[PDB]
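Visitor: Following this message is one structure expressed as structure tokens.
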Amino acid sequence: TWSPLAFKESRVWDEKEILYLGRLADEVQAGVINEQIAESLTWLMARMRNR
Amino acid sequence: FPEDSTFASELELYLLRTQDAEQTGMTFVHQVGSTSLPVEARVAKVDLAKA
């Protein structure tokens, strides 16, 4: 007989850092979270390949 | 006052103010058969503040 294993995981972004963070050099009108989620979206794909 | 919109969560004010040199220093008194004399040294200065 043979039966598989399960593994999953999650990540959440709260309300402050969605609208409060920009770049560190210039002034930004709040669009860096869309940059930062898409990396974190790519990172969880690397988690499952690592597992 | 009327209303505006910034798309940013903080607003900073920088004020570069300059105190240039005034054009004083009238003219030296000469006579026709002699050599001139040099002009005094001026001062200019800058300053900048933050709110």
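Following the order of the structure tokens, chains are lettered A, B, ..., residues in each are numbered from 1, and ligands are numbered from 1.
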Do me a favour and pick out the residues of chain B within 7 Å of chain A, using only C-alpha atoms, as a list in words.

Guide: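 The selection requested is residues 7, 8 and 9 of chain B.
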
Visitor: With a distance cut-off of 7 Å and only C-alpha atoms, select the neighbouring residues of residue 49 (chain B), excluding the residue or stretch itself and same-chain residues fewer than 2 positions from it, and output the selection as a PDB file with N, CA and C atoms, in the first residue's frame.

Guide:
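Saved result, part14.pdb, follows:
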```
ATOM      1  N   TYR B  14      10.224  71.209   2.394  1.00  0.00           N
ATOM      2  CA  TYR B  14      11.604  71.666   2.372  1.00  0.00           C
ATOM      3  C   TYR B  14      11.649  73.070   1.794  1.00  0.00           C
ATOM      4  N   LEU B  15      12.332  73.968   2.490  1.00  0.00           N
ATOM      5  CA  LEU B  15      12.410  75.374   2.110  1.00  0.00           C
ATOM      6  C   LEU B  15      13.873  75.767   1.957  1.00  0.00           C
ATOM      7  N   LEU B  16      14.340  75.857   0.717  1.00  0.00           N
ATOM      8  CA  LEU B  16      15.669  76.377   0.419  1.00  0.00           C
ATOM      9  C   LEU B  16      15.569  77.888   0.267  1.00  0.00           C
ATOM     10  N   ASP B  47      20.642  78.491   3.278  1.00  0.00           N
ATOM     11  CA  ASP B  47      20.024  77.925   4.467  1.00  0.00           C
ATOM     12  C   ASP B  47      18.831  77.105   4.008  1.00  0.00           C
TER      13      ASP B  47
END
```

Visitor: For residue 24 (chain B), please output as an NGL selection string all residues within 12 Å (counting only C-alpha atoms; exclusion window: fewer than 3 positions along the same chain).

Guide: :B and (20-21 or 27 or 39-43)

Visitor: Any chance you could export the current selection's C-alpha atoms as a PDB file, in the first residue's frame?

Guide:
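Output saved as again-v8.pdb:
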```
ATOM      1  CA  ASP B  20      22.423  86.753  -1.673  1.00  0.00           C
ATOM      2  CA  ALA B  21      24.971  89.562  -1.608  1.00  0.00           C
ATOM      3  CA  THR B  27      32.678 103.365  -6.708  1.00  0.00           C
ATOM      4  CA  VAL B  39      37.024  95.962  -4.706  1.00  0.00           C
ATOM      5  CA  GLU B  40      36.123  94.559  -1.261  1.00  0.00           C
ATOM      6  CA  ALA B  41      34.958  90.995  -0.609  1.00  0.00           C
ATOM      7  CA  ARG B  42      31.238  90.202  -0.418  1.00  0.00           C
ATOM      8  CA  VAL B  43      29.283  87.511   1.436  1.00  0.00           C
TER       9      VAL B  43
END
```

Visitor: Assign secondary structure with DSSP using the backbone only, and return the residues of chain A in alpha helix (DSSP H) as a count of residues only.

Guide: 24

Visitor: Quick one: everything within 12 Å of residue 7 (chain A), counting only C-alpha atoms, minus sequence neighbours fewer than 3 positions away in the same chain. Send it as a ChimeraX atom specification.

Guide: /A:4,10,47-48,51

Visitor: Can you measure CA of residue 3 (chain B) to CA of residue 25 (chain A) for me? One decimal in Å is fine.

Guide: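 Interatomic distance, CA of residue 3 (chain B) to CA of residue 25 (chain A): 28.0 Å.
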
Visitor: One decimal, in Å: what's the spacing between CA of residue 32 (chain A) and CA of residue 17 (chain A)?

Guide: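 These two atoms are separated by 9.8 Å.
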